[PDB]
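Step one of this worksheet: look at the structure below.
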Amino acid sequence: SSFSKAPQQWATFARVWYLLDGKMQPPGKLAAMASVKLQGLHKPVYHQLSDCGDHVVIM
Amino acid sequence: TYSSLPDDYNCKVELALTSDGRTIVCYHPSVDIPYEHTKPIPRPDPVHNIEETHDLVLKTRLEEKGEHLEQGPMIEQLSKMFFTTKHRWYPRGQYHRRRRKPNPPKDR
Amino acid sequence: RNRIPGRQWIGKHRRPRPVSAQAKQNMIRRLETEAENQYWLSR
Amino acid sequence: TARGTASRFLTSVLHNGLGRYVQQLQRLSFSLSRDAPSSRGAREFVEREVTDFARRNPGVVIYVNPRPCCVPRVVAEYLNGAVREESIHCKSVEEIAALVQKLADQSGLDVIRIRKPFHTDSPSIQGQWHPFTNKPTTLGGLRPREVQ
Amino acid sequence: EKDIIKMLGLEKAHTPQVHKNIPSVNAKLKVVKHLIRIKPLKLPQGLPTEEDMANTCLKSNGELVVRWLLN
Amino acid sequence: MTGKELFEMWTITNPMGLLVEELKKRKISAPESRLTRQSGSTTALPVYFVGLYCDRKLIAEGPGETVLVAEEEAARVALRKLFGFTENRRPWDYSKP
Amino acid sequence: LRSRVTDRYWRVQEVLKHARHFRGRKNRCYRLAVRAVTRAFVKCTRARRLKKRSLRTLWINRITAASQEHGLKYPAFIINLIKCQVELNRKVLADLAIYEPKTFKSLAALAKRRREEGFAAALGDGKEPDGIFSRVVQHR
Amino acid sequence: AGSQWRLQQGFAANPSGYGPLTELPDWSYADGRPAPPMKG
Amino acid sequence: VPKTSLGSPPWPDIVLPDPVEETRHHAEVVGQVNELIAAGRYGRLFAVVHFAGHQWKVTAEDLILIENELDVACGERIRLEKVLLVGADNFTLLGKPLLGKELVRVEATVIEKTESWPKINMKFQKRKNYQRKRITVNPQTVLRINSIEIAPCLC
Ligand SMILES: [Mg+2]
Ligand SMILES: [Mg+2]
Ligand SMILES: [Mg+2]
Ligand SMILES: [Mg+2]
């Protein structure tokens, strides 16, 4: 909570890597959550102009 | 012991209603990370450039590292490192570089 | 590939645009409201 | 136009109004004429309402200058050092009083677009959201497919 | 239908209006019944007097409350 | 001083040393730095969270780009919590006694 | 009495001052500037009208993100918060989600409790059994 | 949203309708003396 | 009992606590919160407050802008009565739909009564020779919120 400006900004806009198993899974439903994570629509700090984006690795 | 949401992430929520009925309260103490769910800090300290003959040259051996590449390879390397496209790293012209605000407003 | 002859909503061959469940529910709701109105306009 | 004009955030000079309120209007100088018909409103305001306004607000230095001028003017200088010049050319006494009250109530800052209607210092009470503030911790802090 | 809605005083949409239960206005209400919602006026507290005209309110359920916001 | 930070005007050099000295004064043995969460290790912009445990009890946590910066930030947070200068502290009282 | 215009310089400048940040000859030629300025003002009005909608959609998206982070859907969260007589708009909800994670999680837990109580009441179909948070409070 | 639930409970379809969020005086002097009434 | 895919609902079953236990737990929680308020272990408090037709999240020593003129002079203190929500680090009071004036008190000082920057409203119609330009100047009021007070009167 009581962080300095630079580390607080870094923590707020930090990138996250997610894992997704694709065995016996529908491509449309996998791509829905993949697109959500890529756009950052899972973050309350999301904005179109902001570069908020998370990496997704699908196996 | 009942809660709509699990108390495993950052706080423990306990909801309640005032006996009057016109007020809702919620006690949400913060949750600290237990010691069992952490891992020790990795420490990497190795100096393979140290030479027993001349430590003065050994010290400069770890600092005399340099490299120069062309614009294309440099942009490709930067894009590969930062997981972006190659179109961002190209420079911009006078028309765009003149119109940038020298002193943008700052909040906080 | 598939062309709509003439204008989209004028000619003899029009767009085959169907009716949706939302439209059906809206029409049912309006019918219920008007039925209540005509009941209240009875006595 | 926001893209055409400048912009600033909602700010207050010297954190005014926190400990105490300070009237940001420092001096108010009227320049009018005694023979120009356009200066009728300024002359009547000086005759009638300037003394009452001075008594109501003692923190502002009021200057009055009759001179052979055609455009009656009012210059307000604020504690920020900002100077705002307005024309009182052919205005009624009520309009002059309204303009003077508006200048007194103004903080002297630039009249441009304000990006946000709010300004809170340190709004991160009880914490600020980060992608790790809602994700439960696993036993030992292991990666999803890392074997210990 | 436009003229009927004009003479019924329903120019402003989503604003309730009070009318009689007489057949003379019932005819127009039948004519434009497909554009209006009609409810019966309810008076749980009776007709407001001259001392309660400034403290009245109209609840959305269809009733008229005489004493509204007592202190 | 409204909205300002203690360290922005104090400008200390060894937050870890100051924290351990304060803990020694307060009769606390030693803080242990443990990696709580992280996001990427081989990436160009890694993110680390380092927490401070005294007797296996978390007292503070800090984020950073690197592990050393995260540990320094965690030490700074612990020092601010110990001194009471926190973002969640009582606002300054402006009244007429 | 031949009358000529002398303030044409200021007449032209009063329009050119709003086009100094354009690209090409539209910032220099007056004939090409008047059309751009008029369309610029029209777009300014349209975007001022659309700004409320855009910010409402952004707030809704942020609320959806924060609610799915707690495993709750946006429509259910909104309807259950409304049922609890909690009149908070999407702007306030987004601000709380961004800056008050504990408060937003408490609100999500309250909404989930309200949803569970409503589902239990619907399953039971019993007038006497009423949820603790499902009680309705009148005005005072 | 949530208009049907408010209508069933008796409240207005819009929370701004005759509710305490609007009928009550939104502000008052620190001394406790009543504020001037609202035009709406 | 047969077990099929559609035999059971596709959501976990929910069990609610007994009403008496829920009332006792709520009483204990509200007593703990009231004890916290009385002891004054709260550092900072934020509040969602409805004012001038808008809902504002406001903490102590903050600034807000209201787009309409108020009938108060500069430097005057005003008590905001419509409190929608109160919150702190550990606790939070939700109004149904509002909190009590005796329970929570919020005060703000008027700073500046000014006029907004000129807003241009221009309507233009194609090939009909219709242009309509207006300049709007909207009076604005600046409020500095200094303190947020909470009373232990909570049963
Ligand atoms: Mg065609
Ligand atoms: Mg056709
Ligand atoms: Mg509008
Ligand atoms: Mg109006």
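Numbering starts fresh at 1 for the residues of each chain in the structure tokens, the chains themselves are lettered A, B, ... in the order given, and ligands are numbered from 1 as they appear.
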
Find the nearest atom pair between each residue of chain G and chain A for residues within 6 Å, count only C-alpha atoms, give distances in Å to one decimal, sort rows by chain and ascending number, and present the table as JSON lines.
{"residue": "G:62", "atom": "CA", "partner": "A:44", "partner_atom": "CA", "distance": 4.3}
{"residue": "G:65", "atom": "CA", "partner": "A:42", "partner_atom": "CA", "distance": 4.2}
{"residue": "G:66", "atom": "CA", "partner": "A:44", "partner_atom": "CA", "distance": 5.3}
{"residue": "G:98", "atom": "CA", "partner": "A:44", "partner_atom": "CA", "distance": 5.8}

**Study point:** Test item: chain G residues at most 10 Å from chain H, counting only C-alpha atoms, as a PyMOL selection string
**Key:** chain G and resi 75+78-83+85+87+136-140

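Residues of protein or nucleic acid lying within 12 Å of ligand 4, counting only C-alpha atoms and all ligand atoms, are residues 38, 39 and 40 of chain H; 53 of chain I.
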
Exercise for review: Mind checking which residues fall within 8 Å of residue 68 of chain D, counting only C-alpha atoms, ignoring those fewer than 6 positions away in the same chain, and posting them as a ChimeraX atom specification?
Suggested key: /D:32-36

Could you take the residues named above and write them with N, CA, C and O atoms, as a tab-separated table (two decimals), in the first residue's frame?
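File written: part_9.tsv
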chain	number	residue	atom	x	y	z
D	32	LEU	N	-10.67	54.47	-15.56
D	32	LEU	CA	-11.90	54.97	-16.17
D	32	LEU	C	-11.72	56.41	-16.63
D	32	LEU	O	-10.60	56.93	-16.64
D	33	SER	N	-12.81	57.06	-17.02
D	33	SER	CA	-12.78	58.46	-17.44
D	33	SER	C	-13.96	59.19	-16.83
D	33	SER	O	-14.99	58.59	-16.50
D	34	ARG	N	-13.81	60.50	-16.68
D	34	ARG	CA	-14.87	61.32	-16.11
D	34	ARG	C	-15.76	61.97	-17.16
D	34	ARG	O	-16.90	62.34	-16.84
D	35	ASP	N	-15.28	62.11	-18.39
D	35	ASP	CA	-16.05	62.74	-19.46
D	35	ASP	C	-16.50	61.77	-20.54
D	35	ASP	O	-17.40	62.11	-21.32
D	36	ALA	N	-15.90	60.58	-20.62
D	36	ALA	CA	-16.30	59.63	-21.65
D	36	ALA	C	-17.65	59.01	-21.29
D	36	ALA	O	-17.83	58.51	-20.17

Practice item. Around ligand 2, at most 12 Å away and counting only C-alpha atoms and all ligand atoms, which residues are there? Put them as number ranges by chain, please. Key: C: 3-16

**Study point:** Protein and nucleic residues near ligand 3, 12 Å, only C-alpha atoms and all ligand atoms, as a list in words
**Key:** residues 45, 46, 48, 49, 50, 51, 52 and 53 of chain G

Practice item. Using DSSP on the backbone, list every residue of chain F that comes out as strand (DSSP E or B), and give them as a VMD selection string. Key: chain F and resid 32 to 39 47 to 53 58 to 64

Point to revise | Within 9 Å of chain B: residues of chain G, using only C-alpha atoms, as a PyMOL selection string | key: chain G and resi 21+23+70-71+101-103+105-106+108-113+116+132-133+135-137

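Excluding segment 41-49 of chain I itself and any same-chain residue fewer than 2 positions from it, the protein and nucleic acid residues within 7 Å of it, counting only C-alpha atoms, are residues 88, 89, 90 and 91 of chain F; 36, 37, 39, 51, 55, 56, 57, 58, 59, 82, 83, 84, 85, 86, 87, 88 and 148 of chain I.
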
**Study point:** Spatial neighbours of residue 53 of chain F, 6 Å, only C-alpha atoms, chain gap at least 4 places, as JSON, numbers by chain
**Key:** {"F": [31, 32, 57, 58]}

Take the selection from the previous step and output its residues with N, CA and C atoms, as a tab-separated table (two decimals), in the first residue's frame.
chain	number	residue	atom	x	y	z
F	31	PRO	N	15.31	-9.44	10.21
F	31	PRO	CA	14.35	-9.68	9.14
F	31	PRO	C	14.93	-10.59	8.06
F	32	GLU	N	14.08	-11.46	7.53
F	32	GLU	CA	14.46	-12.37	6.46
F	32	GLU	C	13.72	-11.98	5.18
F	57	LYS	N	6.95	-14.20	10.37
F	57	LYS	CA	5.76	-13.36	10.31
F	57	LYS	C	6.03	-12.21	9.35
F	58	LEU	N	5.18	-12.08	8.34
F	58	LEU	CA	5.35	-11.03	7.34
F	58	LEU	C	5.04	-9.67	7.96

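Atom CA of residue 17 of chain H lies 19.7 Å from atom CA of residue 43 of chain E.
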
**Study point:** Exercise answer, chain H residues close to chain I, 12 Å and only C-alpha atoms, as a list in words
**Key:**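 The selection requested is residues 15, 16, 19, 20, 21, 22, 23, 24, 25, 26, 27, 28, 29, 30, 31, 32, 33, 34, 35, 36, 37, 38, 39 and 40 of chain H.
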
When you look at residue 125 of chain D with a cut-off of 7 Å (counting only C-alpha atoms), what residues show up, excluding the ones that are within fewer than 4 positions of it in the same chain? I need them as a CSV table (one decimal) with C-alpha atoms, in the first residue's frame.
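And here's result-v1.csv as it stands now:
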chain,number,residue,atom,x,y,z
F,87,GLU,CA,-0.3,6.1,3.4
F,88,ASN,CA,-3.1,4.9,5.7
G,100,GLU,CA,-10.1,-0.1,-2.9
I,89,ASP,CA,-8.3,0.2,6.0

Check your understanding: With distances taken over only C-alpha atoms, which of D:57, D:126, D:98, D:47 is nearest to residue 91 of chain I?
Key -> D:126

Residues of chain A within 12 Å of chain D: nearest atom pair and distance (Å, one decimal) for each, counting only C-alpha atoms, sorted by chain and number, as CSV?
residue,atom,partner,partner_atom,distance
A:1,CA,D:127,CA,4.0
A:2,CA,D:127,CA,7.5
A:3,CA,D:127,CA,9.2
A:4,CA,D:122,CA,11.0
A:5,CA,D:122,CA,10.3
A:7,CA,D:130,CA,11.2
A:8,CA,D:128,CA,8.1
A:9,CA,D:130,CA,9.2
A:10,CA,D:130,CA,9.2
A:11,CA,D:130,CA,5.8
A:12,CA,D:130,CA,4.6
A:13,CA,D:130,CA,7.4
A:14,CA,D:131,CA,7.4
A:15,CA,D:131,CA,8.3
A:16,CA,D:131,CA,7.6
A:17,CA,D:143,CA,10.7
A:18,CA,D:144,CA,9.3
A:19,CA,D:144,CA,7.8
A:20,CA,D:144,CA,10.3
A:21,CA,D:145,CA,11.1
A:37,CA,D:131,CA,11.8
A:40,CA,D:131,CA,10.7
A:42,CA,D:131,CA,9.3
A:43,CA,D:131,CA,7.4
A:44,CA,D:129,CA,8.0
A:45,CA,D:129,CA,8.0
A:46,CA,D:131,CA,11.4
A:52,CA,D:131,CA,11.1
A:53,CA,D:131,CA,11.4
A:54,CA,D:131,CA,10.2
A:57,CA,D:144,CA,11.9
A:59,CA,D:145,CA,11.5

Review point. Can you tell me how far atom CA of residue 95 of chain F sits from atom CA of residue 151 of chain I, in Å to one decimal?
Key: 17.7 Å

Check your understanding: Per DSSP on the backbone, what are the helix (DSSP H, G or I) residues of segment 28-124 of chain D, as JSON, numbers by chain?
Key -> {"D": [37, 38, 39, 40, 41, 42, 43, 44, 45, 46, 47, 48, 50, 51, 52, 53, 54, 55, 56, 93, 94, 95, 96, 97, 98, 99, 100, 101, 102, 103, 104, 105]}

Those residues with N, CA and C atoms, as a CSV table (one decimal), in the first residue's frame please?
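This went into part.csv:
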chain,number,residue,atom,x,y,z
D,37,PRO,N,-18.6,59.0,-22.2
D,37,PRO,CA,-19.9,58.4,-21.9
D,37,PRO,C,-19.8,56.9,-21.6
D,38,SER,N,-18.8,56.2,-22.2
D,38,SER,CA,-18.7,54.8,-21.9
D,38,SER,C,-18.4,54.5,-20.5
D,39,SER,N,-17.8,55.4,-19.8
D,39,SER,CA,-17.3,55.2,-18.4
D,39,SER,C,-18.4,55.5,-17.4
D,40,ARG,N,-19.7,55.6,-17.8
D,40,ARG,CA,-20.8,55.9,-16.9
D,40,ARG,C,-20.9,54.8,-15.9
D,41,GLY,N,-20.9,53.5,-16.3
D,41,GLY,CA,-21.0,52.4,-15.3
D,41,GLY,C,-19.9,52.4,-14.3
D,42,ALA,N,-18.7,52.6,-14.8
D,42,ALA,CA,-17.5,52.6,-13.9
D,42,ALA,C,-17.6,53.8,-12.9
D,43,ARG,N,-18.0,55.0,-13.4
D,43,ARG,CA,-18.2,56.1,-12.5
D,43,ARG,C,-19.3,55.8,-11.4
D,44,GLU,N,-20.4,55.3,-11.9
D,44,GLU,CA,-21.5,55.0,-10.9
D,44,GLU,C,-21.1,54.0,-9.9
D,45,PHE,N,-20.3,52.9,-10.3
D,45,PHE,CA,-19.9,51.9,-9.4
D,45,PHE,C,-18.9,52.5,-8.4
D,46,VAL,N,-18.0,53.4,-8.8
D,46,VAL,CA,-17.1,54.0,-7.9
D,46,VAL,C,-17.8,54.9,-6.9
D,47,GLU,N,-18.9,55.6,-7.4
D,47,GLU,CA,-19.7,56.4,-6.5
D,47,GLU,C,-20.4,55.6,-5.5
D,48,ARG,N,-20.9,54.4,-5.9
D,48,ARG,CA,-21.9,53.7,-5.0
D,48,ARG,C,-21.2,52.5,-4.3
D,50,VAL,N,-18.1,50.7,-4.6
D,50,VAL,CA,-16.7,50.4,-4.3
D,50,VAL,C,-16.3,50.4,-2.9
D,51,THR,N,-16.9,51.4,-2.1
D,51,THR,CA,-16.6,51.5,-0.7
D,51,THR,C,-17.1,50.3,0.1
D,52,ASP,N,-18.4,49.8,-0.2
D,52,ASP,CA,-18.9,48.7,0.4
D,52,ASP,C,-18.2,47.4,0.1
D,53,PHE,N,-17.7,47.3,-1.2
D,53,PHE,CA,-16.9,46.1,-1.5
D,53,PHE,C,-15.6,46.1,-0.8
D,54,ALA,N,-15.0,47.3,-0.7
D,54,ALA,CA,-13.7,47.4,0.0
D,54,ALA,C,-13.9,47.0,1.5
D,55,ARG,N,-15.0,47.5,2.1
D,55,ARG,CA,-15.2,47.1,3.5
D,55,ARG,C,-15.5,45.6,3.6
D,56,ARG,N,-16.2,45.0,2.7
D,56,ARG,CA,-16.5,43.6,2.8
D,56,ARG,C,-15.2,42.8,2.6
D,93,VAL,N,-24.3,49.0,-13.5
D,93,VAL,CA,-23.7,48.9,-12.2
D,93,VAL,C,-23.8,47.4,-11.7
D,94,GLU,N,-24.9,46.8,-11.9
D,94,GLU,CA,-25.1,45.4,-11.5
D,94,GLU,C,-24.1,44.5,-12.2
D,95,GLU,N,-23.9,44.7,-13.5
D,95,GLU,CA,-22.9,43.9,-14.3
D,95,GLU,C,-21.5,44.2,-13.7
D,96,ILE,N,-21.1,45.4,-13.4
D,96,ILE,CA,-19.8,45.7,-12.8
D,96,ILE,C,-19.7,45.0,-11.5
D,97,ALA,N,-20.7,45.0,-10.6
D,97,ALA,CA,-20.6,44.3,-9.3
D,97,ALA,C,-20.5,42.8,-9.5
D,98,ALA,N,-21.2,42.3,-10.4
D,98,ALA,CA,-21.1,40.8,-10.7
D,98,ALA,C,-19.7,40.5,-11.2
D,99,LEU,N,-19.1,41.3,-12.1
D,99,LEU,CA,-17.8,41.0,-12.6
D,99,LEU,C,-16.7,41.1,-11.4
D,100,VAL,N,-16.9,42.1,-10.6
D,100,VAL,CA,-16.0,42.3,-9.4
D,100,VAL,C,-16.1,41.1,-8.5
D,101,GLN,N,-17.3,40.7,-8.2
D,101,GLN,CA,-17.5,39.5,-7.3
D,101,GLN,C,-16.9,38.3,-7.9
D,102,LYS,N,-17.0,38.1,-9.3
D,102,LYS,CA,-16.5,36.9,-9.9
D,102,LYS,C,-14.9,37.0,-9.9
D,103,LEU,N,-14.3,38.1,-10.1
D,103,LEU,CA,-12.9,38.3,-10.0
D,103,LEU,C,-12.4,38.0,-8.6
D,104,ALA,N,-13.1,38.5,-7.6
D,104,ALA,CA,-12.8,38.2,-6.2
D,104,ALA,C,-12.8,36.7,-5.9
D,105,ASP,N,-13.9,36.0,-6.3
D,105,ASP,CA,-14.0,34.6,-6.1
D,105,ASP,C,-13.1,33.7,-6.9
